[PDB]
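First, one chain by itself: the form deposited in one PDB entry, in structure tokens.
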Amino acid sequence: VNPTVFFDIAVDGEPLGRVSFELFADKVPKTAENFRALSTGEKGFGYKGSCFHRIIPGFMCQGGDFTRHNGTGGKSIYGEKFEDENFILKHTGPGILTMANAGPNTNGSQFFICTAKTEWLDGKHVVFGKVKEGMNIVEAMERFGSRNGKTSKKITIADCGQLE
């Protein structure tokens, strides 16, 4: 059975709730493992305390830059940006988790939670998971975004980890 991980989301320090995600380890094991391990913190670094630095309504919430917190950072557990594993899965609707990148084969630790069907990403971003519970929280987050992705409040991952 695919692994499930969670983020506890806070806004300006106040709890919003828990979002959980299924990671598609059966289709993209390398990409799923990277996100999984960054969520547990088992390698000694990861997503806990990091923020969503760009939110674009009708498109996505972007996070994962736990090193510079502004989209210029992030790193994978593999010690280098890593290759696009495959494009088996498509961007079929809201709740899809897909990798952010700076072009082919530049995956690090940044990701999008898609808040719509984002078919314009197909074949360029690796889909590796989906929201399981907590979609209404993602909808609430989207409301703090604006043009170009500027957020009006600090949205953070207060805690994160792996469920049974």
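The numbering used is simple: start at 1 and walk along the sequence shown.
The discussion below concerns the form deposited with a partner chain bound, not included here.
Contact between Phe112 and its partner chain in the entry with it bound is found at the 4.5 Å heavy atom cutoff. Taking the partner from elsewhere, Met60 is found to have a heavy atom lying within 4.5 Å of its partner chain in the entry with it bound. Residue contact check for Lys130: none of its heavy atoms lie within 4.5 Å of its partner chain in the entry with it bound. Mapping the unseen interface onto this chain, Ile56 counts among the residues with a heavy atom inside 4.5 Å of its partner chain in the entry with it bound. Among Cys51, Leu97, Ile137, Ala100, the residue placing a heavy atom within 4.5 Å of its partner chain in the entry with it bound is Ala100.
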